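Below sits a lone chain in structure tokens, taken as the form deposited in one PDB entry.
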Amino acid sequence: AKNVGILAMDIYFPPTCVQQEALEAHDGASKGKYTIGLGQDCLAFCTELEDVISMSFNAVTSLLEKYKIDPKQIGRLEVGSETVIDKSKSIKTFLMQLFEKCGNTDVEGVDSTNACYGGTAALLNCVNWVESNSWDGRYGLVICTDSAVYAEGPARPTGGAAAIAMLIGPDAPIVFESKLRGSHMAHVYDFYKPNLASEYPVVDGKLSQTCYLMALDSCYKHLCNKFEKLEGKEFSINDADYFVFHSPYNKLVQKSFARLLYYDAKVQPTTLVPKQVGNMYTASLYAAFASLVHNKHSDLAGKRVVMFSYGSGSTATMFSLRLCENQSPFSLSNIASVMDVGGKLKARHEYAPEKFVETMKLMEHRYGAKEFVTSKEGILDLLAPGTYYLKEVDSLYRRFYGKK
């Protein structure tokens, strides 16, 4: 099992969105409070028809269909998220629905949690599984999936939603440099969700500030130590071609890279999807990476891409990747083609801020609700053909999905 990493990749985000500038006007906010202060342009959100589960079906289905992967060929499936549907039943069990009507039930892995890190945790687990004595010769599959509902308050411009699927195995175009990494993990009360009934976090801004920079510094310093062992020198900004970050809002990206000290060369091409879609939590780092493949796929072979994953609480890892052109279907070039990031941004559907706010109120009401049917007219029409959607939640909280 050699050159293990990401073989294939896809992204889904809901087509429904609201413009940050329009939102500034609708709110009390002075010009550029979101577009400049946050550095964000557009916000994708889930309507009543979409959730972290349906988004996951879209992403996994698309990957398997487009890279032509046989479902029997998946041996480990793992999900990273902080969007809790059930306190017992993992998002992973839902995803097994896709694997039953071809009889592939022997599939390791479950859900991994810590804030916007769980996707990273799951990815590392799969890479390790491919390299282990237990490996059965099959692909791993990692999903990152998250969605935010803030109907009110200062949090509301900071939401977003997506799902990412990544195929893992040997001889990849996106190879992990196994030892080029640094982690930092601590017990902090910086940004957390201690109110089971509520989606609203408890945020300690000043401590969040200190704890994030401490992690980034420490992760950086530890990667540098391992670089010194690996290649015989200190690691600097010059020792990678690109830096990709957890990107809840673009201003954090700017500060973070600055802290490492170029941005136009090394970081700017990672900003497309995060800036247009919003905070994607566990999927944010990977959407930033997806933007890089989209923008630069023809320049990426031979290059080093450094990746920094954060999650409040806190858990962080900086790690490194070596990219090369390979053979289709698992090539940098085929990955860009399949993701069709440009096609997905054109296919979007904009909401006036008021209709966005109404939809957010609705989402508040449905959160923890049971025994309801979703309302489809005018919304279902906006979803791409084939899209999984929520039809109803029964009186026992069971969720039933449709396709189209």
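Rigid core here is just the name for the largest C-alpha set that superposes within 1.5 Å across the two forms. Shifts are known only where both forms have a C-alpha. Sequential numbering from 1, following the sequence displayed.
Missing here is the form deposited in another entry; even so, the following discussion is about that form.
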- Tell me, which of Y192, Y220, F99, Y150 is the one whose C-alpha shifts by at least 2 Å between this form and the one not shown, with the rigid core superposed? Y150
- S134 C-alpha moves between this form and the one not shown by 2 Å or more, core aligned: no
- Item | Core-superposed comparison between this form and the one not shown, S236 Cα displacement 2 Å or beyond | no
- Rigid core fitted, is the C-alpha displacement of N125 between this form and the one not shown 2 Å or more? no
- Query: Once you compare with this form, do the C-alpha atoms of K193 and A151 lie closer or farther in that other deposited form, given a change of 3 Å or more?
  - Reply: closer
- Determine the segments between this form and the one not shown made of three or more consecutive residues whose Cα atoms all move at least 2 Å, using the rigid core for the superposition and only residues common to both forms. 148-151, 207-210
